[PDB]
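Quick heads-up: it's one chain on its own, the form deposited in one PDB entry, in structure tokens.
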């Protein structure tokens, strides 16, 4: 019964999976699909920029966390709650979180741990929704995300 969680996971999972594999998911979107489609298109544009600009920082974080398997992916939300909460909440920081997700998803594909990508998307979505639900609600959720970056 948690639409914010469901929609956020759908968007984040889609972005991480396509980033890691290079393949678009042809399956139709769930509820509020038009918005989710625009949110995904927005992440492709903004998140690809973030990944280019944040390579150094993202490599630094990946080295320190040393993520190599499902056990490391399952412990990630505890670390990322700390990292993500340690700064001003805005849409930019939220994109950075998801973009770091995509960066880690690409790494997981590289080391033949592609099966960890869905658990990673869950972890990222957990961090976002658990820490920022109230903020996301006030900022009009994914409709707000799309509008902000238009």
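Residues that one form lacks are left out of the comparison. Numbering follows the first chain given and starts at 1. Each form is matched to the other, and the largest set of C-alpha atoms that superpose within 1.5 Å is called the rigid core.
The same protein has a further form, the form deposited in another entry, not shown here; the description that follows concerns it.
Undergrad: After core superposition, I'd like to know whether residue 49 moves between this form and the one not shown (criterion: C-alpha shift of 2 angstroms or more).
TA: Comparing forms between this form and the one not shown, the residue 49 CA shifts below 2 Å.
Undergrad: Once the two forms are fit on the core, has residue 85 moved its CA by at least 2 Å between this form and the one not shown?
TA: Yes; that C-alpha moves by at least 2 Å between this form and the one not shown.
Undergrad: Closer or farther: how do the CA atoms of residue 100 and residue 86 lie in the other form, compared with the form shown, if the change is at least 3 Å?
TA: Compared with the shown chain, residue 100-residue 86 is farther in the other form.
Undergrad: Closer or farther apart in the other form, the C-alpha atoms of residue 83 and residue 136, for a change of 3 Å or more?
TA: Closer together, which means the C-alphas of residue 83 and residue 136 are at least 3 Å nearer in the other form.
Undergrad: For a shift of 2 angstroms or more at every C-alpha, which runs of three or more consecutive residues qualify between this form and the one not shown, with the core superposed?
TA: After superposing the rigid core, the shifted stretches between this form and the one not shown are 26 to 28, 83 to 88.
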